[PDB]
Structure formats: C-alpha cells, structure tokens
Amino acid sequence: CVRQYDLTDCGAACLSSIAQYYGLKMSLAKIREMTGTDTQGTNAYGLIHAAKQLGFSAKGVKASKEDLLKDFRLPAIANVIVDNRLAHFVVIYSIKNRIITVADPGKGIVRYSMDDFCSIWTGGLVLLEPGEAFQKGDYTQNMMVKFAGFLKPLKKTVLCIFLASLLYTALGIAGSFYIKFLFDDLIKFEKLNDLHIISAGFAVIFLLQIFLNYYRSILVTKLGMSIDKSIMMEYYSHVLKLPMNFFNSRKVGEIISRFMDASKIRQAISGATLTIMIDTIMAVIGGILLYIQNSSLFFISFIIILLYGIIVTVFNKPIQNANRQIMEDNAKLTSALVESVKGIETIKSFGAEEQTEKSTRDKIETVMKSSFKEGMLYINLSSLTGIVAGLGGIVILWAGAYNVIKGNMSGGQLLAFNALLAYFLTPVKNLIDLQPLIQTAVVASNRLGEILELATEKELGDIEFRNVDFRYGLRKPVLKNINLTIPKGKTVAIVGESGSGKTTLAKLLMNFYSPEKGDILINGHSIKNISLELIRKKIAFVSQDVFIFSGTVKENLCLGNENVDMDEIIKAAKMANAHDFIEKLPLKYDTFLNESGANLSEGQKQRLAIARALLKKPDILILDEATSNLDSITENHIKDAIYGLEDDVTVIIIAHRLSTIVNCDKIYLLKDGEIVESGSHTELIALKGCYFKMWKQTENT
Amino acid sequence: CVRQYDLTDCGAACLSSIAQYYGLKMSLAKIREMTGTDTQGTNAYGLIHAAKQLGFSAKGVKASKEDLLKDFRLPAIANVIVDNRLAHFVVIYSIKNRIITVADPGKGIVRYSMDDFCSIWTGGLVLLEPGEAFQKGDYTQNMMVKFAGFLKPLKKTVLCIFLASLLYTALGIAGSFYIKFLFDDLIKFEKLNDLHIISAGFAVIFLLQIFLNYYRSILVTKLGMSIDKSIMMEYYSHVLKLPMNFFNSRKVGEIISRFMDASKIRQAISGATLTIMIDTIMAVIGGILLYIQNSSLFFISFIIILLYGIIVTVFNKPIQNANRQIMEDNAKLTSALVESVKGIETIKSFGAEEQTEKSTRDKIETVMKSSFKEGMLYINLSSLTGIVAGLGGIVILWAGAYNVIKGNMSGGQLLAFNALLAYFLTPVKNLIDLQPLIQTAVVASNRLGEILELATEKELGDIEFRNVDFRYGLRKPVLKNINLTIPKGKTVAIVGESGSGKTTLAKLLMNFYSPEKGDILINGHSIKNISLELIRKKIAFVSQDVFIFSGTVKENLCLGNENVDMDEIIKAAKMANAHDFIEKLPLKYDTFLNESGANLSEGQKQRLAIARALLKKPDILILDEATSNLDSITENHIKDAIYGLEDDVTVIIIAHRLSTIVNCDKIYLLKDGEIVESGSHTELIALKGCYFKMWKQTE
C-alpha cells in the first residue's frame with residue numbers, strides 16, 4: 001500500500017501512500033495530475049510541488065551515505081536508480097538496527113538493509129510534513145456501487161438464475177438420495193421392478209437437473225458479457241470526451257490494457273455477487289441437512305472446509321505476487337522482442353546479432369524463473385488442498401463405518417451422506433474461493449474508476465496574444481511572456497529555432513491547452529469563452545506527423561463532416577496535388593487503406609492531410625513544417641494551395657526555411673520562450689537587433 | 001483449401017492448395033518467397049510468377065458475369081474483393097448447378113450461392129494448369145520428428161515421470177479397493193480394531209500417492225518449460241540469421257506472435273506423448289481389472305467412453321473454427337482501438353469522436369457475437385458429455401445392483417468397481433481429448449517450422465555501379481538502370497527527388513540485397529563476392545529513421561564491436577557534438593535508456609546514430625538525409641561533421657536539399673530510377689540539361 005497500477009506513476013503512489021498514512025486517501029489519477037505524471041515518470045519537483053499544492057511543507061534534499069540520522073523525519077521519499085526501471089521511487093518508513101526496511105510501492109515492504117539499499121539508491125530524499133488543510137481524505141468514492149447500479153436493470157434475469165439454481169440444487173439432493181434406497185432397500189430386499197422404476201425416476205431427475213443447468217449457464221453467460229459491454233462502453237466513451245493533458249500523460253498501452261482488464265474483472269465480480277446469494281443458501285440448506293444426517297460427520301466435514309479455507313487464504317497473497325511478476329517479466333520479454341525486431345536492420349548492420357540474441361536468452365530465462373515460482377506455488381496449493389480433501393474423504397468413510405457398526409446409521413445412509421457432501425462443500429468452496437476474485441475486482445474497479453472520475457471538457461478574424469504564459473507539464477515554461485497581433489485574411493509567419501514552442505503556440509490557439517497566466521484573444525474576444533466544438537471545425541491544423549486510420553480513403557477524407565457533396569470534395573482532392581495518386585488507386589476512391597497501407601507514401605499522405613484541412617473548410621489554417629516531409633511535390637502543391645487560398649481566410653505558417661518565409665507578409669521571432677519583435681524580412685534584417693545576426697549565421701558557411 | 005497461417009500469405013496458400021492437390025507439397029514459406037509475399041500481400045503477377053516457378057503453365061485472365069463456360073479449366077483461382085478485407089483470394093474447385101462452391105482459405109469450403117458471390121466478387125480469374133515439369137513435392141517432411149528429437153537428453157526425466165506415474169496409479173487401485181474391504185468385511189462382520197488399522201493403512205497409501213504425484217508434476221512441469229525455452233531460442237536464433245526479404249515480407253506482430261504462441265502450442269505435444277505412453281498402459285491395466293471385476297458393467301463403461309469420444313470428436317472441428325473467429329474479431333477490435341487512440345488529437349480537431357466511438361462499439365458487438373458463439377458451443381459440449389457421464393453413472397449403479405441381487409457380485413464389490421472406474425475412464429478421457437491438442441500442435445509445428453526452414457546467409461576504395469537494376473518486389477522496379485562511379489577518399493553526393501531510390505542505392509550498396517541484373521563493384525571486386533561480414537563492419541549508415549535498443553548508452557553506443565576503448569567512445573561523442581548533453585546525464589554514460597527513454601530528443605538521437613557510425617571506423621561511410629530531419633541540430637552538427645570527416649575515408653551523402661549538398665566534391669542525379677550525368681555542381685548546373693531546371697525550381 002499503496003500499490004501502483006503502472007510504471008509512469010510511482011512517486012505519485014509514494015505520495016499517495018504517505019498521504020494515506022497522514023489521513024489523506026485521494027484518487028491516484030488526480031495525484032498523477034498533481035505530480036504532473038509524465039510518460040517518463042513523476043518528477044521529484046512533481047512530488048514536492050504536489051505536496052506543497054496539498055498544503056504540505058516538504059523538503060527535497062540530496063543525501064549522504066551514510067547519513068544515518070538520529071532525528072530523521074519519517075516518512076521519507078528515496079529515489080532508486082538501478083531497479084530494472086527508471087521511474088522507481090521507494091518510501092522509507094523504518095530504519096532500526098542495521099536494516100532499512102523499504103516500503104516499495106510495487107505492493108511490497110522489503111528488508112534490504114543499508115547494505116543493499118545504499119547499493120541501490122539515488123540518494124534523493126523528500127521529507128514530507130502536514131500544512132493545515134485538508135487533513136482529511138474520504139474523497140475516493142466506491143465505484144462498485146455504480147457498477148452494481150449496472151447490475152440493477154438486469155434484476156429479472158438474475159432472479160431467474162437465482163430460482164433456477166434453487167430448483168437445480170433441490171433436484172440435486174433428491175437425486176443424491178438414490179444410493180440409500182439402492183443399498184438399503186433394493187439390493188438387500190431384492191425388488192427388481194422397484195429397482196428398475198426407481199432407477200428410471202432418479203435418471204429422469206438428473207435429466208431435469210441438466211435441462212435446468214443448460215438455461216442457467218446460458219443466462220449467466222449472457223448477463224456477464226452484457227455487463228462487460230456496458231462497462232467497457234462507458235469507459236471508452238468517457239475517455240473519448242476526455243481533455244488532452246491525460247492523453248499526453250499516459251501511453252496507449254495503459255488505457256487500452258486497463259480498460260479491457262477492469263471490464264472483465266468487474267463483470268466477474270457481478271456474476272460472483274450473483275453466486276454469493278445462491279451458494280450461501282445452498283450451503284446453509286446442505287449444512288443443516290448434513291447436520292441432521294449426522295452431527296459428528298457434519299462436524300468433520302466442517303473441519304475439512306475449515307482446513308481448505310485456511311490453506312487457500314494463506315496461499316492467496318503470494319500467488320498474486322508471482323502472478324504480477326510473471327506479467328511484468330513476460331511483458332518485458334515481449335517488448336524486447338518487438339524492439340529487437342523493429343531494429344533488425346541496424347542490429348544486422350552492427351553485427352551484434354549475437355548480442356541481442358544473448359539478451360533475449362536472458363529474458364526468456366528470467367521469465368522461466370518467475371514462471372517456475374508461480375507454478376511451484378500452484379502445485380503446492382493443489383497438493384495441500386488435495387491432501388485435505390482426500391484424507392478428509394477417508395476419515396468421513398471411516399467414522400461413517402464406526403457409526404454404522406455402532407448402530408447409529410445404515411451403510412446406505414452413509415453413502416447418501418457421501419453424496420450430500422457434494423452439495424455442502426461445493427457451495428462453501430466457491431464461497432471461500434470468492435475472496436481472491438473480490439480483491440482483484442477492487443483493484444480493477446479503482447483502475448477504471450479513477451479515469452471514470454476525471455473531468456471532461458467542458459467543464460474543466462484578427463488574432464492577438466496578451467501576456468500569455470505556458471508550460472506543458474510541471475516544469476520550466478516553454479512559452480514565457482507572449483505578445484502578438486495577427487491581421488485577418490493575411491498570411492503571417494511564426495519562426496523560432498524551437499519547433500516545440502513554435503508548434504506549441506498553434507496548439508494553444510486550438511485551445512487544447514489553457515494559458516497559465518493572462519488570456520488569449522481572437523477578433524476581440526478571449527478563447528476561454530469560445531465554444532470548443534466550433535474551434536475544432538473552423539480551425540484546421542496541418543501536422544508535421546500525419547496520421548491515417550484504417551479504412552477507405554473516400555471515408556477517411558470526410559471525417560467530421562458527413563454527407564458532403566462530391567463537387568466540393570473533388571476540388572480539394574485536385575488541389576492537394578495528390579489527385580494523380582488518388583485516381584491511380586485500384587478501387588478508385590474507396591481503396592482499402594489500413595495502417596498506412598497497403599502502399600501509402602509519406603508525401604501523398606501529407607498531401608491527403610492537406611486535403612482533409614481543405615475539406616474541413618477552415619476559417620483559420622495553421623501549418624506546421626509539413627513541407628519538410630516531401631520537398632519538391634510539396635513545393636508544387638504549396639504553390640497550388642497558396643494559390644487556392646486566395647488569402648480569403650487567415651493562414652499561419654510555422655517553418656524553419658527562412659528562404660520560404662521571406663516571401664510572406666509578416667514574421668514573428670521566438671527566442672528563449674519569449675517573443676522579441678514583429679515584422680517583415682526587410683525591416684527585421686535592417687533592425688540589426690537579432691534577425692540580422694540570424695541571417696549572418698545562416699549565411700555563415 | 002489450405003488454411004493460412006498469417007495474413008500476408010493467402011494466394012500463396014491458394015497455389016499451395018492447388019499444387020498440393022496436384023502432387024506438389026512445398027513449404028508455404030518458400031511459396032511466400034516465390035510469390036514475393038509483401039507486407040501488403042501477394043500480387044496477381046506474383047501468383048503467375050509462382051506458377052511459372054513451380055512449373056505450371058497458367059494464364060491469368062480477366063473474367064465476366066456468368067460466362068458459365070462448360071469447359072472451364074479446374075481448378076482456377078478467383079479473387080474476391082468484398083466485404084471484409086482487401087487481401088482476399090479464393091480457390092475455385094467445383095462450379096456446378098446453382099451452387100458456387102468456394103474453397104475458402106480460412107480453413108473452409110463453403111457453397112455460397114451466386115447471389116452472395118456476385119454480391120462480393122471481383123471477377124478476377126487465374127486459370128492454372130500443369131505445364132510439363134515437374135511435378136513433385138516431397139519437401140514437406142514431418143517437423144514433429146525433429147521436435148521429438150529435443151526430448152533426447154531428457155530421456156532420464158521422462159523415464160522418471162513414467163515410473164512415478166505407474167506406481168502412483170497402482171497405489172491408486174490398491175487404495176480403491178478400500179470400500180470393498182469396508183463394506184464386505186468391516187461393516188458386515190463388525191470388526192473395530194481391523195477397521196482402525198485398515199483405515200490408517202489406506203490413508204498412508206493415499207499420502208504416498210500424494211508424495212509421488214508431487215515430484216511427478218514438478219518433473220513434467222520442468223520438462224515442459226525446458227522444451228519451451230529450447231524451441232523458442234532456436235527459432236529466434238535462426239530468424240536473427242535470416243535474410244531481409246522475409247523481414248520486409250512479414251509484420252513484426254506476425255513473426256513474434258507465431259514465435260511465442262506456436263512455440264508453446266508445439267510444447268504441449270511433447271507432454272502429450274507423455275500422456276499417451278502412460279495413460280495407454282494405465283487404461284489397459286485398469287480396463288483389465290474392471291473387466292475381470294464384471295464383464296457386463298465393463299461393457300457398459302466401454303459404451304460410456306465410446307459416447308464421450310463420439311461427442312468430443314464430432315464437436316472438435318467447429319470449436320477450433322469459432323476459436324479462429326474470436327481471434328480474428330478480437331484482433332480487429334484491438335487494432336481499431338489502438339488506431340483510435342493514436343489519433344486522439346486529429347480526432348479531437350475533426351469532431352467525429354462519436355463516429356469512431358460507434359465504430360469501436362460495433363466492433364465490440366461483433367466480437368460479442370463470436371464469443372457468445374464459442375461459449376454456446378462449449379456449453380452444448382459440457383451438457384451433452386455431462387449427460388453421457390451422469391446417466392452412465394446411474395445406469396452402472398442400477399445394473400450393478402441388478403448383478404448384485406442376481407448373485408454375481410457383492411455390494412462392496414460393486415462400490416469397488418464404482419471407485420475403480422476412475423482409473424479406466426480418466427486415462428481414456430485424456431487420451432481421446434488429446435486429439436484436438438495434437439491437431440493445433442501440428443499446425444503450430446508448421447507455423448514455426450516453415451520459418452525454421454528458410455535459409456540463412458550465406459548461402460542465399462572506389463565504388464562503381466554498372467547497368468545494375470533492382471526491384472524490391474514483384475511491382476514497378478525502383479531501379480530500371482543505374483550507372484555510377486565514386487571517387488576514393490572523396491566526399492561525394494547523391495541527389496534525387498525520390499528518397500526511396502536514393503536510400504535504395506545505399507542499402508543495395510550495403511549488400512543487404514543483390515542486384516537483379518548486372519553487378520555492383522567495390523575497389524575492383526563485385527559486392528556479391530566480397531565477404532558480407534567485412535561489408536557489415538566497414539560500412540556505417542546514418543539512418544533517417546534511427547533505432548535505439550533499450551539499455552545503457554555506454555553499451556548502446558558500442559553495439560557490434562566489443563571491447564572498444566572508452567577514449568574512442570568519448571572522442572566519437574565529442575565529434576558527434578552530442579557529448580555535452582551526454583555528460584549532462586545523471587549517470588554519465590551508463591544511463592538506462594528504456595526504451596529510448598526517458599526524455600530523449602530527436603536531435604540528440606540522430607547525433608547518437610552519427611556517433612555510432614563514427615565508432616565503427618568505416619572504410620566506406622553511407623549517410624542518409626539526416627540533416628533534413630531536424631533543422632537546428634543539423635545546422636550545428638554539419639560544420640562539426642564536415643570538420644570531422646578529415647577526408648581519410650570515402651563518404652557518401654544522400655540528400656534532397658540542393659542548396660546544402662553542392663559544397664561536396666562531386667554530385668550524382670537520380671531521375672525516375674535512372675542516372676542522368678555524373679559531375680560537380682558547377683558542371684551540372686551549367687549543363688542546362690535538367691539539373692538547371694531543378695535549380696530553377698530551387699530559385
């Protein structure tokens with residue numbers, strides 16, 4: 001506690017745990033956002049700034065080996081560098097004798113001692129202390145309440161399953177009494193006719209039992225996968241309505257894996273909550289009946305169920321651990337496989353094929369070791385429970401024999417008991433095996449729950465920028481003070497040596513992010529008041545990195561705007577200068593194009609992106625260094641597109657090619673995250689302020 | 001119809017099926033390389049060339065609507081375009097009456113009518129016929145023999161498992177007669193002391209059973225995972241030594257998925273041979289004892305095992321099918337998901353979030369349909385087999401009772417039989433349930449086997465190119481003709497509007513590919529004859545697409561050459577102009593970059609690729625348009641690199657930036673895959689032939 005779902009968040013998990021021991025239990029996703037959880041990890045500055053943001057007084061200090069401080073403020077946050085992964089930070093709770101017990105956020109509390117610890121620490125420490133508010137953390141709501149809310153509309157069907165279970169088990173007991181009449185009456189008194197009839201009857205009973213189980217199993221399957229679909233859909237829909245910052249924060253694998261996992265686990269939990277109410281009553285009925293058949297034998301059976309429960313409960317936690325380890329290691333194996341294959345060419349050119357080979361041998365070896373651990377745990381479980389069960393059976397038959405020859409019961413009654421055990425111990429075996437699933441279900445429930453909690457958006461002409469500052473993440477601002485003014489229907493230019501900030505400005509205008517301090521205005525009104533759905537359609541962005549989703553081109557070009565006339569589309573297609581590469585397709589306009597396939601070129605692709613921006617009919621068109629993708633055809637199509645534009649709408653050009661930008665109307669300069677001076681090539685070069693230096697260094701040879 | 005392992009091969013599977021049904025059984029991998037199976041797919045012209053290569057005299061001709069020619073040459077291969085994917089090709093074997101029997105390459109043979117056929121068919125036909133040679137195909141040997149070869153060092157272990165199993169089951173029968181002695185003597189004749197002692201004893205027997213099964217299960221587990229490791233490792237090793245054409249041919253997901261999955265599936269078969277050799281004998285012993293116990297009851301039991309076998313065997317083929325469907329659908333779902341996520345920004349700007357939302361929802365829905373189908377199959381199976389088993393038990397007990405009151409056996413003996421059943425029926429249940437596993441194991445054996453079959457390599461100064469043509473695949477050739485001459489110890493230049501061909505020449509120069517026609521010459525010897533290892537070490541390429549494998553920088557920089565002095569690495573770092581940002585790192589040189597993380601910049605990355613190219617000490621150095629990728633760091637690093645070259649070794653510059661490349665000594669021009677004129681910037685621009693027009697476009 002508190003365990004970490006992924007690797008991108010760990011310091012967030014450390015601070016989560018420390019806050020949890022200081023009285024603050026808050027959603028770990030929001031802690032990702034407070035720490036500014038990057039794909040790289042959570043910065044130390046992120047942990048300290050998050051602490052300060054929560055009101056906490058925290059100190060981030062370099063540490064000495066060995067400091068071994070007598071008045072050391074617990075808990076402390078220590079960074080670990082050489083721990084298989086890089087975003088690894090561990091909390092220090094207890095340092096007594098010569099053993100530093102480190103509480104690792106990967107669901108662990110180890111005793112590496114200072115010998116191993118000082119061998120594997122960055123030495124970065126964060127002392128954390130409480131500062132007034134809030135000092136309470138009941139915020140994390142139970143999501144399984146909402147998911148049981150998903151269980152609510154299906155009440156008719158789950159009732160049906162309940163009833164079917166009841167009847168099935170009744171018929172089960174009835175059919176289980178066959179042996180008593182068999183051995184005590186039919187074989188001992190030799191009644192052929194009654195034997196035949198009875199046999200037929202109990203056979204029929206069994207057939208009724210299976211004909212019940214058929215529809216019960218059908219029903220529970222249907223219910224289960226419906227819950228699956230519903231939950232998955234809610235998650236996916238809510239992460240689609242989600243703002244950009246979280247998309248930048250986490251990788252694809254994260255959301256995609258956790259979505260599927262949490263869905264299955266939650267469905268398992270709700271099909272299990274179905275199982276609770278039925279197997280409870282069946283275990284009660286069966287237990288009562290077992291008690292009536294024989295008190296002492298029911299006591300024995302109870303001892304068996306108890307021993308089973310003990311073995312399982314004592315075996316649960318380590319198995320989960322070895323499971324997580326198998327997942328992690330096998331994952332690393334698969335990843336190293338993919339990356340080794342992706343770099344097959346360069347790794348061929350190096351001649352170190354043997355290197356990556358030995359690498360994958362080691363990976364396979366470690367995965368094998370972890371696998372052997374989990375497997376060993378499982379066979380231990382099976383062997384112990386098998387012992388308990390088997391010896392349990394022998395004992396029950398033995399004591400049964402005792403009670404038979406003592407004169408307390410008949411052999412047939414014993415055998416009937418040997419048949420009713422299956423109706424007492426099976427329900428309780430399920431009911432006790434239920435606990436591991438519930439834990440994993442809580443884990444998953446939180447996993448999808450925190451993202452289900454996150455806020456959407458909303459809530460939470462001439463173009464001018466006024467005192468607008470911006471930083472992508474909890475770090476040094478990419479854009480400091482920014483003052484700008486752009487004329488409507490005129491081609492302007494944004495130039496900086498930092499394409500990150502240069503493109504950042506354009507991204508900010510599309511309102512995927514908000515200015516930290518101050519506001520940005522278009523045509524006399526601030527972006528904050530403008531509708532996002534209009535900003536999306538009315539502004540078009542031409543990416544340096546073009547993306548193409550699998551499908552027909554005829555569809556892919558017209559995403560967003562449906563039922564668009566072909567007369568409008570074909571002019572844009574012709575204007576993108578890709579039209580030649582459009583008509584060349586096998587299936588004309590509707591050729592299947594899947595994941596940049598089958599034969600998609602970068603140039604034609606960027607041209608197609610331009611075609612999309614055209615088909616979107618933009619009032620404002622922002623262009624990144626798209627021209628750089630395929631130079632010559634880009635020159636032709638850029639001339640063609642600039643001609644088509646007719647300067648009817650505002651067009652912004654972000655580029656590094658000074659020779660290309662000089663022809664433009666006006667130019668802006670980005671230096672060290674601050675705008676310097678606005679103007680044209682002539683006046684700026686004559687300014688001798690810095691642009692003349694830029695041209696001197698460009699012509700520097 | 002022959003099922004297809006992957007998606008890149010389908011027409012290859014078609015020709016595989018027709019040739020195999022005609023007497024030509026060849027490795028489908030070799031049929032992929034003959035069809036020139038691209039990542040895109042196998043071309044129709046590829047199918048024709050594969051026909052010619054296999055010896056077939058075939059004509060691939062466009063077809064009309066309901067020609068219904070009486071003398072239509074069977075079999076023929078017709079392609080269907082709609083409605084799920086573009087890579088769909090189908091074999092036609094029988095077209096009679098109003099039922100168009102399509103031999104579907106997805107392990108199917110349907111008789112889909114002309115309504116649906118003409119609703120989704122291209123009408124593209126390839127008439128295939130045997131033409132003279134050869135025809136023979138004995139190449140397809142059973143791979144599971146070679147894979148059975150891996151069991152050899154483990155013979156001791158398998159013997160141990162065998163013995164342990166035998167004793168365990170013997171003890172099992174012994175312990176199974178407990179009920180007999182219980183009811184016939186102890187309960188009927190009322191002996192307490194004997195009861196306690198006997199019970200204790202049989203308990204001990206059970207415990208001995210557990211302490212045997214323990215080590216047995218451990219052993220079989222160890223065996224399994226060792227075979228896994230061995231197979232996986234051999235595959236990976238041989239696919240590392242594998243030529244490039246297949247890497248271009250197949251996707252990463254393909255080779256990797258088939259690697260782990262087919263490996264484990266194949267491993268299952270060697271545990272299956274264990275199950276065969278042990279459960280055969282145990283089912284024999286138990287069956288004999290059961291037969292001696294009671295003839296008629298054993299006959300009943302045999303009927304039960306028979307019914308089980310019938311149900312399972314008749315249920316086998318469709319379950320595998322529904323499995324394939326789940327696989328395909330779930331795959332398409334995951335793909336649409338990932339693709340939906342990667343384009344979150346553009347899909348935000350477009351505003352059609354609801355579009356892809358409804359899309360992925362429909363995908364999830366069809367996946368639900370298939371999944372529910374397989375689930376339905378499974379519950380049908382479970383219910384029927386459960387019927388056979390249950391009714392079997394009730395019947396055995398009633399007829400057993402019948403034989404008890406008839407005077408043929410005792411009740412305790414009946415129960416002994418009812419307890420001994422588990423040692424006749426369990427071994428045979430496993431032995432018959434084994435068959436589905438074996439099929440999938442053979443399939444997988446072929447999946448990894450075909451790639452295990454492909455050959456490695458080998459087999460299969462001044463630099464000049466003479467009449468050398470090259471085409472990557474069975475399509476429009478990238479090089480129709482290339483004539484070039486490069487000066488030793490001089491910085492030359494490669495310019496073309498097509499970066500594909502520009503990089504093609506250099507890649508071909510690295511001898512990763514062989515020239516189709518003509519040869520490539522280096523320093524007086526053809527590249528084909530030069531040792532590919534020396535070509536590997538002596539040539540360094542700075543890629544437009546730089547690759548960095550996860551690990552420490554100190555190692556990642558020095559891949560290939562082991563035991564390289566740190567002075568050379570730090571000098572290469574200094575020369576790469578990245579050294580300053582290298583020492584800025586927290587852990588100096590040994591910082592973990594996994595995977596190319598955490599915060600690596602593009603400029604620094606290309607700089608590192610350049611540093612690696614520096615560390616190889618090239619006699620011939622090939623450079624792609626690294627400058628065009630990242631402007632500013634390219635401006636800084638270009639002066640440093642021009643300073644660095646020192647003209648000691650031959651250096652080749654591939655670039656499109658005309659303004660930048662002219663400073664070099666000589667320049668070459670690539671137009672439409674053909675070389676125009678070799679010379680310098682001055683002579684070419686003054687030539688006014690075409691390079692001057694190019695300069696007019698440069699302005």
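Residues numbered from 1 in each chain as written, not as in the entry; some residues may be left out. Chains lettered and ligands numbered in written order. Heavy atoms only, no water. Residues with missing side-chain atoms left out of burial classes, pairs and counts.

1. A look at the packing of helix α13 (residues 353–405) of chain A against helix α8 (residues 192–240) of chain B
How two helices pack is summed up by the angle between their axes together with the distance between the axes.
Then step 1. Between α13 of chain A and α8 of chain B, the shortest axis-to-axis distance is 9 Å and the interhelical angle comes to 165°. With respect to α8 of chain B, the axis of α13 of chain A lies roughly antiparallel. Crossing angle aside, the handedness with which α13 of chain A passes α8 of chain B is right-handed.
Then step 2. For the contact of α13 of chain A with α8 of chain B, the class distribution of residues is 26 nonpolar, 10 polar and 5 charged. (Axes fitted to C-alpha atoms, helices over the stretch in contact; angles between N-to-C directions. Helix = DSSP H or I, 4+ residues; strand = E, 2+ residues; numbered from the N terminus. Parallel < 35°, antiparallel > 145°, perpendicular 65-115°, else oblique. Left-handed = near helix turned anticlockwise from the far one by under 90°. Nonpolar A, V, L, I, M, F, W, Y, C, P; charged D, E, K, R; others polar.)

2. Side note on the pairing of strand β5 (residues 124–129) of chain A
Every other side chain in a regular strand lies on the same face of the sheet, so the side chains alternate between the two faces.
Residue and element names in this part refer to chain A.
Then step 1. Bridge count for strand β1 (residues 57–62) against β5 is 6 bridges, and the pairing is antiparallel. Directly across from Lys 59, in β5, lies its bridge partner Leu 127.
Then step 2. Where strand β2 (residues 76–79) and β5 come together, 3 bridges link them in antiparallel fashion. Paired with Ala 78 across the two strands is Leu 125, which belongs to β5. (Pairing = 2+ DSSP bridges.)

3. Overview of the pairing of strand β9 (residues 519–522) of chain A
Residues and elements named next belong to chain A.
Then step 1. As defined by bridge partners, strand β6 (residues 463–466) adjoins β9 across 4 bridges and the pair is classed as antiparallel. When the sheet's bridge partners are listed, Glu 464 is paired in β9 with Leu 521.
Then step 2. Bridge count between β9 and strand β10 (residues 525–526): 2 bridges; the pairing is antiparallel. Of the residues in β10, the one forming a bridge with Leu 521 is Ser 526.

4. Side note on the sheet that holds β10 of chain A
Then step 1. Taken together, 4 strands build an open sheet; the order of strands is β7-β6-β9-β10 (chain A) and the sheet is antiparallel. With one partner strand each, in any of the chains shown, β7 (484–486) and β10 of chain A form the two edges of the open sheet.

5. Some details on the interface of chain A and chain B
Then step 1. Taken together, the 113 residues of chain A in the interface contact 106 residues of chain B.
Then step 2. The greatest single-element share of the side of chain A that touches chain B, amounting to 23 residues, is contributed by α13 of chain A.
Then step 3. The class makeup of the residues in the side of chain A that touches chain B is 62 nonpolar, 30 polar and 21 charged. (Contact = heavy atoms within 4.5 Å.)

6. Digging into the domain arrangement of chain B
Then step 1. Domains assigned within chain B are domain 1 (1–141), domain 2 (142–460) and domain 3 (461–699).
Then step 2. Put simply, the middle of domain 1 of chain B and the middle of domain 3 of chain B, counted by C-alpha atoms, are 43 Å apart. (Domains from an automatic or database assignment.)

7. Things to note about the UniProt feature "binding site: ATP 3" (unreviewed entry) in chain A
Residue and element names in this part refer to chain A.
Then step 1. Per the UniProt entry, the sites bearing "binding site: ATP 3" (unreviewed entry) are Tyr 472, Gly 499, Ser 500, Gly 501, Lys 502, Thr 503 and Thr 504 in this numbering. Spanning 33 residues, the named residues form one tight spatial group whose C-alpha atoms are at most 14.0 Å apart.
Then step 2. Within the fold, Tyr 472 resides in the loop between β6 and β7.
Then step 3. Setting aside residues up to four positions removed in sequence, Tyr 472 forms contacts with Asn 245, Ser 500, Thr 504, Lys 507 and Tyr 513. (UniProt positions renumbered as here; feature names shortened; annotations may be inferred.)

8. Let's talk about the UniProt feature "binding site: ATP 10" (unreviewed entry) in chain B
All names here are of chain B.
Then step 1. Here the UniProt-annotated "binding site: ATP 10" (unreviewed entry) positions come out as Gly 501, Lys 502, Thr 503 and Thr 504.
Then step 2. Relative to the helices and strands, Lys 502 is located in helix α16 (residues 499–509).
Then step 3. Not counting chain neighbours up to four residues away, the residues in contact with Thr 504 comprise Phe 470, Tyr 472, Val 478 and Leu 479.
Then step 4. Here the side chain of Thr 504 touches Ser 500 through a polar contact of 2.4 Å, landing on its backbone oxygen. (Polar contact = N/O pair within 3.5 Å; in protein donor to acceptor, adjacent residues only side chain to side chain.)

9. Concerning the pattern of salt bridges
Then step 1. Residues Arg 466 of chain A and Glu 464 of chain A are paired through a salt bridge, measuring 3.1 Å at the closest nitrogen-oxygen approach.
Then step 2. Among the ionic contacts, a cluster of salt bridges with common partners joins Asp 9, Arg 32, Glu 254 and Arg 258 of chain B. (Salt bridge = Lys/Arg side-chain N within 4 Å of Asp/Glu carboxyl O.)

10. Description of the sheet that holds β2 of chain A
All names here are of chain A.
Then step 1. The 5 strands are arranged β1-β5-β2-β3-β4 in an open sheet whose pairing can be described as antiparallel. Bordering the open sheet on either side are β1 and β4 (99–103), each of which pairs with just one other strand. Averaged over neighbouring strand pairs, the angle between their axes works out to 30° when direction is ignored.
Then step 2. Relative to strand β3 (residues 89–96), β2 runs antiparallel, the two sharing 4 bridges. Looking at β3, one finds that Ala 78 is bridged to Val 90.
Then step 3. Of the strands in this sheet, β2, β3 and β5 are in contact with helix α1 (residues 11–22), which crosses β3 at around 45°.

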